[PDB]
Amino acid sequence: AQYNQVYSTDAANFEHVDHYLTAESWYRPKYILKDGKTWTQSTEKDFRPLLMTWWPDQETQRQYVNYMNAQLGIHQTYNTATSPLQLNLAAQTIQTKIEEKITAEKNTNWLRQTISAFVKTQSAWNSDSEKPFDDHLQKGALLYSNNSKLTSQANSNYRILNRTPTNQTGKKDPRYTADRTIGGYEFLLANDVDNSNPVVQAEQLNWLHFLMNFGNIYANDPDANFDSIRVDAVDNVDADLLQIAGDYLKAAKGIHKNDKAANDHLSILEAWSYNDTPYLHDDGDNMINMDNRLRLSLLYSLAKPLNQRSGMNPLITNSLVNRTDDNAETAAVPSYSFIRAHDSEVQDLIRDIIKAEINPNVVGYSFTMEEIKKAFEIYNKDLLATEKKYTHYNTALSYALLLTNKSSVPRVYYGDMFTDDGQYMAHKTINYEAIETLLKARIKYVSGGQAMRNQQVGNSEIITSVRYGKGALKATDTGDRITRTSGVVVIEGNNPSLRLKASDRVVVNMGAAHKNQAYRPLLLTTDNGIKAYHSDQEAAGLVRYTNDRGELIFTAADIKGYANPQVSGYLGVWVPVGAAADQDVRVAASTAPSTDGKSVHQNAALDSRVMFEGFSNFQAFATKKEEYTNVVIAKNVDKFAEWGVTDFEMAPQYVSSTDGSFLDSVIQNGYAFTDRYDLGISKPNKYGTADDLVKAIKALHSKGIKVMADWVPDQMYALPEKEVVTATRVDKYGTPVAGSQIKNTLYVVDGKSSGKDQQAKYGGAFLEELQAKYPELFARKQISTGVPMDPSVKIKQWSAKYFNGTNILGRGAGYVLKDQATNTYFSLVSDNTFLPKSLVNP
């Protein structure tokens, strides 16, 4: 009894969290039974575990001896039958052995840990009370109560959930109907930042500005800023952030004034809902979104297994732009196109491989480093197979359309040019040649109106895609010298068993500027792969002519199906003969004032851009300075120039967390981070040091290339400090989970930043300069909240009050200790102290 009770009931006497007690709390007893022999006065050194002497119920005080009788080598145990009395000596017997084992161990860490192991063995302290799980990527979420007396420092007047672009107002937008859902959901991974909180919005703005001024702020070098941003996980945050970020580009960079200004800071969303493009358009085209339909069309018409491949027509018409005849000087809506990304169609395929040939139950993308490399042997091998079982077919065919299509900024994926695993740019993919050739031809030849045709021939079908040449929007436009020596034609089949009859002819119209002209191949499919023609010269043997009307004509002699590691179907591309070594048909954005109330315009100048996604989730880690990506990037700034890369999308530069709780923090891509401002500052990030970063931004700028910052306002990982919140189990939309036990109940989260990281340094730091120069950003009443941002407080330290909630942590429904008689939390706040009866009054 007595000695065991609490030395005194001050906060100082307990390891508590927000003045609550957890099943893992140690405390300071009055005396310690020194070496279970005699009873000293507790000095401030003398902290013992609570469970050593108190138990939530008797039933738990039971497993506790049993389990602890194991450890210390006592060789008794009791079943459910036993009297209280015995359980109570068993435990004192257990305590002596704990001192005698603390003296002889000269510490008490060995116990820190037999305790923990045991807490873990118990339901209410363990995932079991967290079920049932749901389809959240990490199995479940906890939503934090807005109003709890128990945890008032964690209250909030916001935590408005699910305000995606479609649902920004708390009701599905009537305007946009292609996606009939509400267009996203709130909880994605880790600690969900509540971007419906006006103070937080302000802070995202702070952060945005900082990124965009990185050079000035961090290196004092105006030449090292990020030019643009990518908004990550749009469909999982409050869309207010879109007017916020849009407002900022307009106020600080003037993108709304003319295209030249707009294109120098060209920014994108990652927004998957079909509703997000029209949404963004009506919002003023202040950044551009992906073309989701065209991506899907390429995926299914070209990349999928031969038996799951669809017809080719969708390559022409399932897109934001119908490319049957695209003759518009400016497209109705701007966008970027891609076939693969760092996540889309990469990490999927790896998960496919694990699930299929390594771990059957693997969850979401919570892979191990193990599984991954195991997976990559299968994958790299399939990459070279003609019959692919996991990886894409026809990569070159997809890039041929992406790089010649009109009315979209094509984004090339690093991993389609270099190996998805492996040191930065160390190994070229089998497609690097064709892609590079296209990239280079694009600069020289791709310009003008477009026509695409789908023709049924032989036993299958082909499509033709043609670009008329610089400054001919129409088939009848005749243009000038340069028109004559520009344009291109791509011909594609998606069926290895394509056969033309002898009489069959694919008659392509190349445009008025092209009568009676010699053309030569650029790429041709061959039995083993695809053959690239780097100049007129190199292709002298294979010239062919257009006729009187500017038509190229093709025959069984040219077109037939193939099956090799590169092509499953048919690819042919032709270009006019006689273009100057240095011919360049791209075109510069004009400074003429914009008058349509949009910022970005999909015109010839925007089509002149190419975006490069310059990383891979699955890159090797650098073994040495020379291998750091940002080091390598600076050194190869010329290749990108040579490819026509105008916008370099860098990976997120935040220093990665390493808890391993998701793929992101296993391979450290930079989407999982604890410090928003720590861009390789406190230690190198996967890609190099903050200085290596600066130099790579500088290198790219030296070529005039723009550099994009991945803005990640959705979540944060691995917060160092604990906090107690009032929590509820919820699925990804924030709906309470049926039959869960965690319902408005205290939970200990990892919800606090260190108060002394970069965040502490820069949080809210420029709010003041921002309100001074751009007062209108702070005038706007944000849509979901009805009110402006609130810069009146700075976020110096993240804490649960700025979050919506968190992924379950496996701590349990009863981790915060409760008197079961009264059903009350124990509390150590000094006016209101409430302690386990035995410990205070024995």
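Position 1 is the first residue in the sequence shown; the rest follow in order.
Two stretches are in play, 327 to 335 and 358 to 366, and the higher mean C-alpha B-factor belongs to 358 to 366.
Averaged over Cα atoms, the B-factor as recorded in the entry is higher for 542 to 550 than for the other of 170 to 178 and 542 to 550.
Annotation for 196, 289, 258, 76: 76 ranks highest, by Cα B-factor.
Set against one another, the Cα B-factors of 392, 676, 474, 695 in the record reach their highest point at 695.
Ranked within its chain, residue 634 lands in the highest third, by CA B factor from the PDB record. Residue 134: CA B factor lies in the middle third for its chain, per the PDB record.
Residue 272 sits in the lowest third of its chain by CA B factor, as recorded in the PDB entry. Remark: residue 691 belongs to the highest third of its chain, ranked by C-alpha B-factor as recorded.
The PDB entry assigns residue 783 a C-alpha temperature factor belonging to the lowest third of its chain's modelled residues.
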